[PDB]
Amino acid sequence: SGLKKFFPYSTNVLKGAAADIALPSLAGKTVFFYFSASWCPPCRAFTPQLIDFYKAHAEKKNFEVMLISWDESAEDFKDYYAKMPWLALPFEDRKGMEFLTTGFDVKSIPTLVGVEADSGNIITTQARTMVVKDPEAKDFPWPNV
């Protein structure tokens, strides 16, 4: 399978400032979709915790993080994504955001969902607590069950 079926309306995703990447580039990794917005307090407090985790272990643990934004505007998205070091579904792809939001039944943010890029399978919807609870990534990527 793969990551393709998560993105019905996007081909490339952002990798910072203004570039865009292909899904095959995530081959062999775990990919976290990170549902977040700058208007949400706990999101503003968790983002820095997840950046800390990503710096400590993204390379060793072989994973990538993709921002799936619930921000209210193109400008909010930019300012918030600006601070993050990983990927993002492009803000224009609002319907894409809705497809994963309903797909994983995310009802509140922040939420971080772990998926295997090569099979496309889901690891867990509860990585938000795990980044905090297992900062040393001893049980990463925390198969849900």
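One-based numbering along the sequence shown.
Stretch comparison (115-123 versus 46-54) by mean CA B-factor in the PDB entry places 115-123 on top. The mean Cα B-factor in the deposited entry runs higher for 11-19 than for the other of 133-141 and 11-19. The residue among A82, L89, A37, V106 whose C-alpha carries the highest B-factor in the deposited model is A82. The entry assigns its greatest Cα B factor, within the set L100, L67, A27, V31, to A27.
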